[PDB]
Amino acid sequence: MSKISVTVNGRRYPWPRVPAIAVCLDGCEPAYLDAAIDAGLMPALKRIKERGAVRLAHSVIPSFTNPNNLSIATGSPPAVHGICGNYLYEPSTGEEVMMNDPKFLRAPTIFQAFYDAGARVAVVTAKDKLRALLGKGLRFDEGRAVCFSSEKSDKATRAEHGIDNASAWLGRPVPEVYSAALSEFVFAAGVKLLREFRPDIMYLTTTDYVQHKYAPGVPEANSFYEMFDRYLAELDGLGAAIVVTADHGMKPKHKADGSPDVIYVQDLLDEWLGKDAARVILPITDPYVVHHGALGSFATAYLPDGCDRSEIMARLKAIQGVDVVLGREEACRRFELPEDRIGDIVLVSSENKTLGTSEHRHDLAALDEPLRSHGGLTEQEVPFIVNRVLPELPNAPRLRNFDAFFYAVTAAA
C-alpha cells in the first residue's frame, strides 16, 4: 500500500494519523523557556523536552512576525509566498502599499492544501489581520475548517470562519489587544478545538506583547510561559503530535540609560544623496506607526536612479551598529526573499540597536520600559520542540521554523 501525502510548495507532507499541531510562540527567545522551566513553572514542557526532540531552528530574515508566520503556514520562505514585510514602497506612484492582505499571498498554505485533500483544518490567531492572511483558500461549507482570531472572536460567523461567535463558544470574553490574555485565548481555543472539532492540522499563533515588554525570567515573562504550559499539557494529553516553535526571538535594543539605540538611516541618506532622494522603509510594522513599535533591526531602502549603490552600501556598513548591508540581488539570494518586493539595499543592525528613518518629523517614544525588539540575525534562533521521538530531526541552521508542519505531520504519521 502507498503512503498518503499532500504536496505543497514542492514539499511532501505525510498524512497525519493523529492531529498535527504547530504552536507559534511569538517572540519566544529560547531563554524565555529556559528561565520558566528552571523556575519549576513548566512541568509539561520539561517532560516533553526530556522524552521528545529538542532543537533550535532558524527563522526567516527579516525576523518579523508576518513573514515568519506565513513561512510557517506555507512551509516556504518569502521568495515563494511573497510576504516579506508589513509594507513595501513603489518608486512609481510614491505609494506605500500594505502586504498584510491575502491578495498579496503568492503561494498556497499547507492549510488549504490539506483542506482541499479532505482534511479537517483549524487556524487560530491572536490578531485578525493575520487571520485573513493565514486563512486564504479555506472554505466553510462542509464543517471541515475553522479560522478565527482572539481579537475578533465575537465576530466569527459560520460562513466566513466556520464557527458562530468564538467568544461565546469558548465562554471567555474578547481579550484586550495589548495583553497576555489575547494569547491565552488562542491556547484555550486550541484545546477546545482539539477536543470538539478534531482537526487533522491545527495552527495556533500568538502575539509578542509580553516579550517586547519583559525580558526572560522576570515575573511577568515567567507567568506567561507558566500559563502556556497548562494548555500544552492538555494538548499533549489529548494525543496530538505537537511542534512548539517561534516566528522570531527578542533582544534588548537600548542604551545603558534605557533609551532606544537607533540608527537614523533616512537622515544619513538625506545628507549624502539629498533630502528624500532615497526612501527608507521600516517593514517591522505598519508605515503609519511613529511610537517605538516601528523600531526593529532590519530595514530596506529605495535609492535614486543611477546612484553608486556600492559606495552608499560601504558608507552605511562603515557605521558601528550597521552589521549587514546587501544589494537587492544578494539579499534576496541569501535571505530567500522576493526581488520585486524588496528595496535596492537591505540593512541589518547590530544586536542591541535598531534602524529608524529620521530625527526631523521623528519617531516619538511611547512606552516607559526599555526597548526590546527583533528583525535582525540576533533574533533568528528560535526553539523547536517536538513531543515525539525524532532522532533524525535536523538542528539549526538546517532546521527552520517553517519546517514545523513538515515535522509535526511526520511525527503524527
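So that there is no doubt, residue numbering starts at 1 and follows the sequence shown.
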Report summary line: Avg C-alpha B-factor, entry values, 249 to 257 vs 144 to 152, higher side is 249 to 257
Query raised in the report: If you average the Cα B factors in the entry, which is higher, 327 to 335 or 267 to 275?
Result: 267 to 275
Query raised in the report: Highest Cα B-factor in the deposition, which of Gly190, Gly118, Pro102, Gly239?
Result: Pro102
Report task. Identify, among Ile48, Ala57, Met42, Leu371, the residue whose C-alpha carries the highest B-factor in the deposited PDB entry. Result -> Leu371
Report task. Would you check the entry's CA temperature factor for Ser223 and let me know if it's in the chain's lowest, middle or highest third? Result -> middle
**Report entry** Where the record places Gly137 (Cα B-factor, split into thirds across the chain)
**Finding:** middle
Query raised in the report: What third of its chain's C-alpha B-factors does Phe298 belong to: lowest, middle or highest?
Result: middle
Query - Chain third (lowest, middle, highest) by recorded CA B-factor, residue given as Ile281 - result: highest
Query raised in the report: Based on the entry's values, in what third of the chain does the Cα temperature factor of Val6 lie: lowest, middle or highest?
Result: middle
